[PDB]
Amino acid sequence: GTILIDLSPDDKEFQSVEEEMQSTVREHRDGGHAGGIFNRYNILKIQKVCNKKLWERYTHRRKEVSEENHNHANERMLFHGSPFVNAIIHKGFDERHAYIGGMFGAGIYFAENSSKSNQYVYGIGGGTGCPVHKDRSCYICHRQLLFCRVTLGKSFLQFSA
């Protein structure tokens, strides 16, 4: 049921999404090991992901959270990078997209820094890098990230290194 609509680079919506992507790049403590060495991206395409069923599934849960948190969904737009991005956009997020070994337990992880999510596009720690060149810092191969609507509700605050 999923259809992808291409946004024109002239569209304000392409432009605000690109700006979020570009402006939240940072340097990482691994000196680029997992995700490569870069300060910015070449954005090739931005598509709107449209699926009625997955959307209604999202807004149904959003209303439940909202109603348990004084009518505040605490909704954010956050990045997610994953080898499973094609399954995600067609079938939705589920437990197969979870990071079992993550710092805050077995759940689905999102980042405000696009460059943090970029570290997971080819797997945990960048895996073995791009399929074609086995290069975690490949400048040739096309990568994909998701920019996601995420309901946080009441969030447990973990101070952490």
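Between two forms, the rigid core is the largest collection of C-alphas that superpose within 1.5 Å. Note that residue numbering follows the sequence shown and begins at 1.
Annotation: of the segments 92-100 and 25-33, 92-100 departs further from this form in 9 other deposited structures of this protein (C-alpha atoms, root mean square over structures and residues, core superposition). With every structure aligned by its rigid core, 101-109 is the stretch of 45-53 and 101-109 whose CA positions lie farther away in 9 other deposited structures of this protein. Remark: stretch with higher mean C-alpha B factor among 148-156 and 12-20 is 12-20.
Relative to one another, 106-114 and 37-45 have unequal mean CA B-factors, and 37-45 is the one with the higher figure. Taking the deposited Cα B-factors for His70, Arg62, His28, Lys53, the highest one is held by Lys53. Compared with the other modelled residues of the chain, the Cα B-factor recorded for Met77 ranks in the lowest third. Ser66 sits in the middle third of its chain by CA B factor, as recorded in the PDB entry. Sort the chain's modelled residues by C-alpha temperature factor and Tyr58 lands in the lowest third, per the entry. Placement of the Cα temperature factor of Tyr99 within the chain: highest third of the modelled residues, per the deposited record.
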